[PDB]
Each structure stands twice: as structure tokens, then as C-alpha cells.
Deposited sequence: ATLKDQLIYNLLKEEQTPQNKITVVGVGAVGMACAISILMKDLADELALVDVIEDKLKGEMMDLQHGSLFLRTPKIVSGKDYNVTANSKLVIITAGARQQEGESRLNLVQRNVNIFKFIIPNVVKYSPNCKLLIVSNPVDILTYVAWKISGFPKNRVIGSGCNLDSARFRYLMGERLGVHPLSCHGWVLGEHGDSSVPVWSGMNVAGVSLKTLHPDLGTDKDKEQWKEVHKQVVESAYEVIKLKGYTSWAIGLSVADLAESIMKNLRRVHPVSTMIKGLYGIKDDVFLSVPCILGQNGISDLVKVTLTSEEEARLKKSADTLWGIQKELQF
């Protein structure tokens, strides 16, 4: 009688759970950039989008849904209720408080996490959490605390963007693609990030071997300025357009690729360092991690210099002082 019945003959209507589902909590500039990066890389069969703002959330879901002809993602869902996030493999939290004062920004984000994290674990208890929101190093700890998930399943964006920006500026200087420009920025994400000058190489040849003054004050070519420009460019983007979207979105997708496909690639991501670099407190800092289907299965022990080790410990001390005064 109906055209659907006339045209299509159904064999079975059985309901089945998505095998490769990804949830994005926060539909901001970052959240949407992560979403489009994932859809275009064909990492998910189902994409769930969650936010507090109901109108923007429906609009963003619809805009992605209209472009479904050019995407290999059959299902794109949204809602205020986390029942839409059910059976998700990876959950990306980009949800954060608006920077206007009037509790502080760190205190506001913890409260936001106080209802996201229990709601996500409720529908997706075997997922891997990917924290993007700032302070990423503190919030990854807050996520780990509330979820009660093992250390490995709580991954933080960390210094993935710092290293991506550093490899670009290293790339521009040497006139080589950032993929061939190997450089690692570790520790606390942002201003307090530690560039590992010993690790800096192109084709296996160490840049500190050829140039011993690399990352020092007596560097005539002043290579210490490369890491200075990383921090400066981050403040420049906010001054020029108001937000960072594409660079972070693409980085999150690169982590999502390693997790969803069990690639076992090394990435600079925020993880628990309790037992390494003389750190005894429950603090999360970026170190090179082997990322797969189990989250952080392994972490690379990087030989740091006395000054690098003192910087990571200073961060570990300043971070724990904040974390110990956090109420749940």
C-alpha cells in the first residue's frame, strides 16, 4: 500500500548497537571542529552530540546531517539527555565554562564535569575519555576521580597541540614537512610546557648533536624562540579571531584514529605520572604514550635533563596544590 512497502521488502528490523560510536560533549568551536574532523576521517559509524544549549545543538546536528551525502557516517544524533551517548567507544569532552568571571574558571569546570562524567559512565562504562577542556591536566584528574575508570581509559589532550605547533615552526625554519620534523613538547599543557631539545631530530640526526647551543641563551640562531613562538601564536589566534578550532580539532581526530583503529602510535598526551620523574602525587602530565583500543596501554620513559626534570616537578607541585584543595 505505502511506497516504502511497495519499493522495499524488509527481511529483519532487528535493533543493533553501534560498533564504532563517538560522543562529543560540548558543541562549541572546539567540539564542532573535532566532530567534522572525525566524520571526514571516517572514524565513526555513529556520532553523538551533547550540550546544555538546546537550540545551537539541534542546529549543528542538522547542518552535519544535511552533508551526510558527502560523509561515510550513517547516524548523527544529538540531545540534552545522555541516552543518545549509549554504547559509545570514545567520549570527547570539550565542555567548558565561559571565560567571564561571575567560583573561578578551574572551579566552574570541575562542577560542569560533576554531572557530565557520571552521566557518560552511566550509558558508556567501557569507553575511553578524551579530555580537551582547560586546565586539561587538572580536569583529566577530575574525570579520572569521578569516573573511577582505570588510569589508561582516562586520556587528556595535553601537549598534543603544543607539539603540533612546535613541529610546524621547526618545519618552516628547516623547510621540511612537520611529519619529518620530530619534536616533543612535554609536561603541563600551555605556558609551562617543556620542549625536549635532545629528542628534536630530522631523519634520526639529533639537532642538539649538530648544534649544542640548541635551546640555550648563547644560541646565535636562537632556537629557544621556536617554543616561545608556540605560546605567542596561541595568544595571537585568540587576539585575532577569538578562539582556536581547526588545529585542536585535527589533533583530537589524530588521537581518535589511534584509539578507534588500535594503531599503537606514540602521542604527547596527559596521563598519570605517579612513579616517574620523582613525582609521588596523583597528577596528570603529557608524556609520550602508546595509544590503542585499551587507551594508554604503555608510556615512553623520556631521559630528561636536570632543568627539564625540575620544570616537570615544579608543574607537578603547582598542580597537586590545586587538586588537593578540590572538593567532590
(request) Quickly check which stretches of the deposited sequence aren't in the model, judged by C-alpha, and list them in order. (result) 103 to 105
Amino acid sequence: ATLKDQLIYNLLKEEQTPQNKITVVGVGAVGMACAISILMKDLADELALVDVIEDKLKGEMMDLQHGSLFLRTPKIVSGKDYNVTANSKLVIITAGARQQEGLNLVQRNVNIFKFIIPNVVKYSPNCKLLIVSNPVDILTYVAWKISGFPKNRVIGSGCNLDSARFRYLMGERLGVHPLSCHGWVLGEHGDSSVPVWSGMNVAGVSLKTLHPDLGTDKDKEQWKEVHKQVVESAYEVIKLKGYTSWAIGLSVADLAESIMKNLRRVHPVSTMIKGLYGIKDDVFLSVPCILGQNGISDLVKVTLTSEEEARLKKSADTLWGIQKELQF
From here on, numbers count along this sequence of modelled residues.
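Just so we're on the same page, rigid core means the largest C-alpha set that superposes within 1.5 Å between forms.
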(request) Determine, for 113 to 121 and 228 to 236, which one has C-alphas that on average lie farther from this form in 9 other deposited structures of this protein; superpose on the rigid core first. (result) 228 to 236
(message) Fitting on the rigid core only, I'd like to know which of the two stretches, 191 to 199 or 104 to 112, ends up farther away in Cα terms in 9 other deposited structures of this protein.
(response) 104 to 112
(request) Averaging the C-alpha B factors as listed in the entry, name the stretch that ends up higher: 190 to 198 or 212 to 220. (result) 212 to 220
(request) Output the stretch having the higher mean C-alpha B factor in the entry; the candidates are 276 to 284 and 24 to 32. (result) 276 to 284
(request) Determine, from the deposited record, the chain-internal third of the Cα B-factor for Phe115: lowest, middle or highest. (result) highest
(request) Select lowest, middle or highest to describe the third in which the CA B-factor of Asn126 falls within its chain in this entry. (result) lowest
(message) When the deposited Cα B-factors of this chain's modelled residues are ordered and cut into thirds, is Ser251 in the lowest, the middle or the highest one?
(response) lowest
(request) Report the third (lowest, middle or highest) to which the CA temperature factor of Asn262 belongs, ranking only the modelled residues of the same chain. (result) lowest
(message) By the recorded C-alpha temperature factor, relative to the other modelled residues in its chain, which third is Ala143 in?
(response) middle
